[PDB]
Ligand SMILES: *[C@@H]1O[C@H](CO)[C@@H](O[C@@H]2O[C@H](CO)[C@@H](O[C@@H]3O[C@H](CO[C@H]4O[C@H](CO)[C@@H](O)[C@H](O)[C@@H]4O)[C@@H](O)[C@H](O[C@H]4O[C@H](CO)[C@@H](O)[C@H](O)[C@@H]4O)[C@@H]3O)[C@H](O)[C@H]2NC(C)=O)[C@H](O)[C@H]1NC(C)=O
Ligand SMILES: *[C@@H]1O[C@H](CO)[C@@H](O[C@@H]2O[C@H](CO)[C@@H](O[C@@H]3O[C@H](CO[C@H]4O[C@H](CO)[C@@H](O)[C@H](O)[C@@H]4O)[C@@H](O)[C@H](O[C@H]4O[C@H](CO)[C@@H](O)[C@H](O)[C@@H]4O)[C@@H]3O)[C@H](O)[C@H]2NC(C)=O)[C@H](O)[C@H]1NC(C)=O
Ligand SMILES: *[C@@H]1O[C@H](CO)[C@@H](O[C@@H]2O[C@H](CO)[C@@H](O[C@@H]3O[C@H](CO)[C@@H](O)[C@H](O[C@H]4O[C@H](CO)[C@@H](O)[C@H](O)[C@@H]4O)[C@@H]3O)[C@H](O)[C@H]2NC(C)=O)[C@H](O)[C@H]1NC(C)=O
Ligand SMILES: *[C@@H]1O[C@H](CO)[C@@H](O[C@@H]2O[C@H](CO)[C@@H](O[C@@H]3O[C@H](CO)[C@@H](O)[C@H](O[C@H]4O[C@H](CO)[C@@H](O)[C@H](O)[C@@H]4O)[C@@H]3O)[C@H](O)[C@H]2NC(C)=O)[C@H](O)[C@H]1NC(C)=O
Ligand SMILES: *[C@@H]1O[C@H](CO)[C@@H](O[C@@H]2O[C@H](CO)[C@@H](O)[C@H](O)[C@H]2NC(C)=O)[C@H](O)[C@H]1NC(C)=O
Ligand SMILES: *[C@@H]1O[C@H](CO)[C@@H](O[C@@H]2O[C@H](CO)[C@@H](O)[C@H](O)[C@H]2NC(C)=O)[C@H](O)[C@H]1NC(C)=O
Ligand SMILES: *[C@@H]1O[C@H](CO)[C@@H](O[C@@H]2O[C@H](CO)[C@@H](O)[C@H](O)[C@H]2NC(C)=O)[C@H](O)[C@H]1NC(C)=O
Ligand SMILES: *[C@@H]1O[C@H](CO)[C@@H](O)[C@H](O)[C@H]1NC(C)=O
Ligand SMILES: *[C@@H]1O[C@H](CO)[C@@H](O)[C@H](O)[C@H]1NC(C)=O
Ligand SMILES: *[C@@H]1O[C@H](CO)[C@@H](O)[C@H](O)[C@H]1NC(C)=O
Ligand SMILES: *[C@@H]1O[C@H](CO)[C@@H](O)[C@H](O)[C@H]1NC(C)=O
Ligand SMILES: *[C@@H]1O[C@H](CO)[C@@H](O)[C@H](O)[C@H]1NC(C)=O
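Chains as they are written, first to last, in the entry's author numbering: chain B, 37 to 604; chain A, 37 to 604.
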C-alpha cells in the first residue's frame, strides 16, 4: 500500500533578463508520494553538481545566483524519486534575453523624389529573442507613426515602407524596437528625409516589396501574413485562396496589408495569393501555407494494477499531422520504442512508467504507475450461488470466478465424487462448469475448488432441477374479414414450484400493452392456472400477421406461433 | 388589433361544509381581453338570475350567501364574452358536505364463542362525501384499536373483523368515522363484547368474508384492494397476478390484507387473486381490475390567423383509453362534429373556437381564436432580389412572394414587354417565374406585378447571365500497385466574373481534408486559374475506387469521375 511519485509542477522554458534587478533564476519542480520524494536535477543531459556556492534547492526548485550564459544556458530537467520508482519531468530550456542599444553614430540624410515610394531600413542591434515589435517615431520620442495604406511597418524586417512620398511626409524618422520577453525598448538615431518638390508627379506601377514566404504553422495557432506594394497612386491589396474558399476565421484588416488567421485548421493548407493594384499596373504573389499539429493524446495511461503471470498491453496513442513516435521510460530511463507489451508479469515489472509521444515539432509526456497483485483465491466478493435452477434437456453453466492473481487451476467435485471432462459435462478453463442434457440425477451439491501457488479455495453450491416448461395447446391459424372478433389460444405445462407468465409478440416484436392504441383492438384474457388466450376486436388489414405466444419462467421459455389473415 | 377572451382562472369542483363558520361560497372565474370582458353564470344547465340578494358578483367571481342544498347545489359554469365571441369555462360541481351524529340508542351486547371469528357492524350515519376513514375505540375515547392480522378494519363497509376471538378481546367497542373533506369526526355507542370461555378449542377453516369486486380505475390513480378471512388459526394472506408479474409499484403491507398500487399503468389491467391460508383449509378469490385513461391532448389548438380564400384545417387530437369524441363549439354553441375543416374562408368564420374532447369518464376543453386577415400585396418584407445569377442551358426560378391575403394574380414583364405562358417559359401560380434554356438575350430587367382585389404591387429585379462552368480535361482512370504515386487531373472553364472552386469526392462522399488520416495519402494541389489536380501517395487497397472532381461555382457545378485500381 503505497503512492508513486506524481508530478504537480514541471519546469518550463524560461528567459532571464540580462539586466534584471533580481540575481536569482528559479526552475520549479514538485511531486507527491507516500514516502516523501527526493529531487534531482540534470543540465545538458548531464548531472549537476550540488553545493559549489552557486546552486541552491528550495523544496525541489533549483535556484541559480548571478547566472551567466557561458555557465548556465541550456536544457535542465528534473527527476522525482522515492521507494517505488523515478519519474522524469519535461525538458526545460533556460536562455538569457539580450538586447543592445543602437549605435550612436549619426544617420545620413535621404532625399526622395515626390511620387516615388521609399524604404527605410531599421537595422536592429544584436538580440537573442527574435520576438521583437517594431514601430517608428517622427521627430520626437513620444510621437509615433500611424498605420495607413501609404505607410507600412514590417514586423519581421522592421523597415518602414512608403508607397507615395509627399511634402507632408518630410521630417526625421527613427526606428523603435521593443522586446516584451525582456521588456526592453530602444529607439535608433533619427534619419532626416527630404522630398524634392515636383510640378508634374509621375505615376508608378504597383511593385510588391514586402512578401511572405512559405510558412509552416501549427493547428490552433494565430498566423499573420504580410504583403505590401509601392506606387505613386495608392495601391489596393486583395487576398484570396487558390481555387478554394478562404478560411472562416480570416481578418483582412482595415489597411489590407496583413492577413490574420485564427485557429488554423488542416483544410487551410495550400496557396494564398496577394494581389496589388493601382492605375498604372498590377502584381500578384503566391505563397505556400503548410499546416501541422502538435501531438495530442487519445488514450493516455492511468495508474494500473495487474495480476501476476497475466500478459499486459498498455495502449498509448497520440495523433499529430506528422505521425508521432512513441517511447517508453521505466523509472526515468529508456525502456521501449513503442507498443509496450509484457508477458508473464512479475514484481520486477512493477514501478513507474512514462509514455512519451513526440513528433518533429513537440513532445508530450504521460506518467503512470504499474502495480502487481499477489492474492490467494477467495470467494468473498463473488461467492457461489446458493441455489441454481435448471430444466431437463437444457444446458446449464455454473460460474465460479474467484479473486485470484496468478490465474489458478479449477476443479469441480460433486460433493464426494470428482468430475472430469465428458461428453455432456464440460469444464472450460475460466472456472465455470457446463452440463448438457440434464436429468434429475444431476441435481445435488457441487463444490468448486481453486488451486493456486499461494493457497487454495473451496466453494459450495446446490443445484436443483425442475420440469421443463412446454406448450400443450398451441395457437391455430385463422382467416377472417375486417371487423370480426378473433381468439388465439395458448396453454402451457410447467413445474408448480416455478412461476409462469405469458408474453404475446406480433411479427417478432413483443407487444407492450402500455399504450392506448394497442388496448383498442388487443386484449389479454388469462384464466385458470395455465390458460392464456388473446382476443382481437375490430380487426384491420395491418393487424394480419404472425402471433407468437411464449410461456416464460425463470429457467426457460417455450414459444409457439400462428398466423392471422385478414381479407376485405 | 383586438384580443378575444382568454381564460386565466377557471372554477373547480367545490364542497361546502354544512356547519362552516363562513357563510359565503365563492366560485372563481377570470379572463383577459383587449375589450374588457363580460361575465355570465349558469346553474344546472340554466341561466342564473343576477338579482337575488343571495348571489353577488365580485370581479367575475360568483358568491353565494347562506347556501342551501335544495337551492344552490349543482353544476355551475362561467361564460366570458366580448365583441369577438364567447368562451365557456370547465363545468364545476358545487356540493355540500353532510355528516350527522350517530343514533343515541344503546347497542345490544354480543356473546362470542372462543375460537370463532366475528364481525362488528359500524352502521355509519348518512353522509354526502364517501371518503370516510374508519377506526375503532375500546372503552374510552382516547383508546384506539390497533390493526393486526387478527383484527381488520374495512375502509368501505367500515366493519371490524376478528379472525380469532380470545378472552383478552372482551370489552366495549365503538366505531369512529372521520371525514377529511368536512373535517368531521363522530364515534358510535359502545357495543359490549363477551367471549364465552371454551376448553380444548377446535380449529376452524379460513373463510374470506371481506372481498373486493371488479374495479374500474383511471391511469395514474392510487388503487387499494381489501381481502380478509376468518379462522381459529390466524390466516396468512397473499396477493398475486394470474399469469403476469405484479406491478413494480405495489405494496402488500404488513397485515397482508390490503394491496396498494401507486401510479397505476395501463398494463395492470387483468385478474388479481387473493389467497388465504391456515392449517385447516385455504381459500382463493379472483377479481377484475380495469384501467382507463382521461383524455389528454396531443396537438391542442392555439391562436391562429389565416388569409382569406385559403382552405383551413384545424388539428384537434386527444387520446384516451376509451376513444374520446371530439366536438367543436363556436362562441359557446355547437358548430362541428369533429375534424373541423373550412374552405374559402371569409370574415364570417373569424371568431372564438372551442374544441372539446370527451370520453365516457372525463372531458377536456381547448380554447382558441381564429382571425382572418385582408391585406393588399406588399413587397416590403420579401422584396425581389436585385441581382440574379444564371447560366446558359440551365433552368432558373425567380421568386416573387408578396404578402397578400386572397392569393392574387401574378404577371411578369420584361421592362416594356409582357410575358405569357410559353414552351420554355412557364409562370406557375405561386408567383415565381421559370425560364428554361437561357440565352444571353434573356438577361435584363424583369418586373413582377401582383394584381389583387385590394390594390396592386410592382417589384423590380435584374437577372444577369454568365457562361456555364464545364470541364475541359477530365480525370483519367489509373491502375497501380500498393505504395505508388497517382495523379488525377481536372481543368475547368468558367466565367471570369464568378469564383470557381474544386471539390474531390471518393465513392460518392466528399473528402473533408480536415482529419489527419486523409492528409497522409491525399494532397490536393491547385495551380493557375483553372488547374486543380489531386495527388495520392502510398496507395492502399481501401483507396481504390471512384474519384470525382466537381468544379463548383455560385451558379452551377460540373462533375467528372474516374477510377483507381490497386494491385498487390
Ligand atoms: C397517489 O399516491 C402518491 C404517493 O403518495 C401521490 O404522489 C405523491 O404526492 C406527494 C404529495 O401529495 C408528493 O410529495 C411531494 O414531493 C415533492 C418532491 O417531489 C420529489 O420528491 C419526492 C420524494 O422523494 C418524489 O417521490 C417525487 O417523485 C419527486 O422526485 C415535495 O416538494 C412536496 O412538498 C410540498 O408539498 C407537500 C404536500 O404535503 C407539503 O407538505 C410541503 O411543505 C411542500 O409544500 C411533496 O412532499 C410525492 O412526491 C408524490 N409521489 C410519491 C411517490 O409519493 C399521488 O399524488 C397520489 N394520487 C392520488 C390521486 O391520490
Ligand atoms: C401557365 O402555366 C403554369 C404552369 O403550367 C400554370 O400553373 C398551373 O396552374 C394550374 C391551375 O390553373 C395548377 O393546377 C392545379 O394545381 C394544384 C396543385 O397541384 C399540386 O398539388 C397536387 C396535390 O395532389 C399534386 O398532385 C400536383 O402534382 C401538384 O404538385 C392542384 O391541386 C389542382 O388540382 C385540381 O384542382 C381543381 C379543383 O376543382 C380542378 O378543377 C383541377 O382541374 C385539378 O384537377 C390543379 O391541378 C398547376 O399545378 C399549375 N402548374 C404547376 C406546375 O403547378 C398556369 O395556370 C398557367 N397560366 C397562368 C395564367 O399562369
Ligand atoms: C530634424 O533634423 C534636422 C536636420 O537637418 C534638424 O534641422 C536642424 O535643426 C536645428 C535646431 O533648430 C537647427 O539649428 C538651429 O539653426 C538655426 C538656423 O541657423 C539657428 O538660428 C539656431 O540657433 C539657435 O540655437 C543655437 C543652438 O546652439 C544657439 O547657439 C543660438 O544662439 C540660437 O539660440 C540653431 O542653430 C539646424 O540649423 C537645422 N539644420 C541642420 C542641418 O542641422 C531639425 O531640427 C530636426 N527636427 C525637426 C525638423 O523637427
Ligand atoms: C475440458 O474441456 C474444456 C472445454 O473445451 C477445455 O477448455 C478449453 O481449453 C482450451 C485450452 O486452452 C481452450 O483453447 C484455447 O482457448 C483460448 C481462449 O479462447 C484461445 O485463445 C486459444 O487459441 C490458441 O490455441 C489454439 C489451440 O488450442 C490455436 O489453434 C489458436 O491458433 C490459438 O493460438 C485456445 O483456443 C478452449 O477455449 C477451452 N474451452 C472453452 C473455453 O470453452 C479444457 O481444457 C478441457 N480439459 C480440462 C478442463 O482439464
Ligand atoms: C489567438 O487569438 C485568440 C483571440 O480571441 C485567443 O483566444 C482568446 O481570446 C480571448 C478574447 O476575449 C482572450 O481573452 C484570450 O486571452 C485568448 N486566449 C485564450 C487562451 O483564451 C487565442 O488564445 C490566441 N492564440 C494564440 C496561440 O495566441
Ligand atoms: C366483438 O366483441 C365485442 C366485445 O364484446 C363486441 O362489442 C360490444 O360488446 C358488448 C359486450 O357486452 C356488447 O354489449 C356490444 O353490443 C358490442 N358492440 C358495441 C358496438 O359495443 C362486438 O360487437 C363483437 N363483434 C361484432 C362484429 O359484433
Ligand atoms: C511520391 O511523391 C511524394 C511527394 O513528392 C514522395 O515523397 C517524398 O518523401 C520523402 C520522405 O518524407 C521526402 O524526403 C521527399 O522529399 C519526398 N519527395 C519529394 C519529391 O520531395 C514519395 O517518395 C513518392 N513516392 C513514390 C513511390 O514515387
Ligand atoms: C484515464 O482516465 C481518463 C480520465 O478522464 C480517461 O479519459 C481515460 O479514458 C482513462 N484511460 C483509459 C485507457 O481509458
Ligand atoms: C475450505 O476452506 C476453509 C477455509 O476458509 C476450511 O476451513 C475448510 O476446511 C475447507 N474445506 C475443505 C478443505 O473441504
Ligand atoms: C363496558 O361497559 C359495561 C357497562 O357499564 C361495564 O360494566 C364494563 O366494565 C365496561 N368495560 C370496560 C372495559 O370498561
Ligand atoms: C400551443 O401553445 C402551447 C402553449 O400555450 C404550446 O405548449 C404548444 O406546443 C403549442 N402548440 C402548437 C401546435 O403551436
Ligand atoms: C409601382 O407602384 C407604385 C405605387 O404603388 C407607383 O408609384 C409606381 O409608379 C409603380 N411602378 C410601376 C413600374 O408600375
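We put the CB at the ideal spot given by N, CA and C, even for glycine.
Apart from the five residues just before and just after residue 301 of chain B, which ones in its own chain have a Cβ nearer than 8 Å to its Cβ?
255, 283, 327
Counterpart residues of residue 179 of chain B in DSSP-defined beta bridges
Residue 179 of chain B is not bridged to any residue.
Taking the continuous beta strand (DSSP E) assigned at residue 273 of chain A, which residues delimit it?
272-277
What runs of the beta strand (DSSP E), each 3 residues or longer, lie entirely inside the region 373-443 of chain A?
387-394, 399-409, 423-427, 432-434
Lining residues of ligand 3 - beta-carbon closer than 6 Å to any non-hydrogen atom, in sequence order
B/175, B/207, B/208, B/228
Residue 321 of chain B: first and last residue of the uninterrupted beta strand (DSSP E) it sits in
318-328
May I ask you to list, following chain order, the residues of the region 542-575 of chain B that have a beta carbon less than 9 Å from some beta carbon of chain A?
548, 549, 550, 551, 552, 553, 554, 555, 556, 559, 560, 561, 562, 563, 564, 565, 566, 567, 568
Cross-strand partners of residue 61 of chain A (DSSP beta bridge)
A/100
Say whether the region 288-298 of chain B touches the region 255-271 of chain B, bearing in mind that this needs 3 or more beta-carbon pairs closer than 8 Å, one atom from each stretch.
yes
So, does the region 422-439 of chain A touch the region 459-474 of chain A, judging by three or more C-beta pairs under 8 Å?
yes
Whole angstroms is fine: what's the gap from residue 679 of chain A's alpha carbon to residue 521 of chain A's?
The structure shown does not extend to residue 679 of chain A, since chain A is modelled only from 37 to 604, so the question has no answer here.
Range of the contiguous alpha helix (DSSP H) that encloses residue 554 of chain B:
552-557
Taking the alpha carbon of residue 456 of chain A as the reference point, which residue from A/541, A/484, A/323, A/444 has its own alpha carbon closest?
A/484
Using a Cβ cut-off of 7 Å, pull out every chain B residue sitting near residue 212 of chain A, in sequence order please.
Neighbours of residue 212 of chain A on chain B: none; closest Cβ ~41 Å, over 7 Å.
Can you confirm whether the region 501-519 of chain A touches the region 579-595 of chain A when touching is taken to mean that 3 or more C-beta pairs between the two stretches lie within less than 8 Å?
yes
Answer yes or no: the CB of residue 335 of chain B versus the heavy atoms of ligand 8, is any distance below 7 Å?
yes
Please confirm whether residue 413 of chain B and residue 440 of chain B have their CB atoms less than 8 Å apart.
yes
Hey, which unbroken runs of the beta strand (DSSP E) at 3 residues or more fall wholly within the region 204-239 of chain A?
207-215, 220-223, 227-232
Between residue 133 of chain A and residue 52 of chain A, which are expected to be in contact by the criterion C-beta below 8 Å, what is the C-beta distance as a whole number of angstroms?
7 Å
Less than 8 Å between CB atoms is the rule here; does residue 283 of chain A satisfy it with respect to chain B?
no
Cβ pair count under 8 Å reaching 3, the region 51-69 of chain A against the region 123-138 of chain A
yes
Simplified DSSP assignment, three categories, for residue 336 of chain A
coil
Using 10 angstroms around the beta-carbon of residue 210 of chain B, count the other beta-carbons present and answer buried if the total reaches 16, otherwise exposed.
buried
Between the region 341-364 of chain B and chain A, which residues of the former have CB atoms less than 8 Å from a CB of the latter, in chain order?
355, 356, 357, 359
What residues of chain B sit near residue 301 of chain A, judged by a beta carbon separation below 8 Å?
550
DSSP three-state call for residue 445 of chain A: helix, strand or coil?
strand
So with Cβ pairs under 8 Å, would you call residue 509 of chain B a contact of chain A?
no
Neighbourhood of residue 488 of chain B by C-beta, 7 Å cutoff - its chain only, sequence neighbours within 5 removed
412, 413, 440, 442, 444
At a cut of 8 Å, does the region 571-586 of chain B reach the region 488-498 of chain B through at least three beta carbon pairs?
no
Given this structure, state the Cα-to-Cα distance separating residue 363 of chain B from residue 353 of chain B, to the nearest angstrom.
11 Å
Compare the C-beta of residue 537 of chain B with all C-beta atoms of chain A and state if any pair is closer than 8 Å.
yes
Nonlocal neighbours in the same chain, by C-beta distance under 6 Å from residue 568 of chain A, ignoring five residues either side
526, 538, 562
Which word fits residue 467 of chain B, buried or exposed, when buried means at least 16 other C-beta atoms lie within 10 angstroms of its C-beta?
buried
Looking at residue 457 of chain B and ligand 4, is the gap between the Cβ and the nearest heavy atom below 7 Å?
yes
For ligand 4, is there a heavy atom less than 7 Å away from the beta-carbon of residue 434 of chain B?
no
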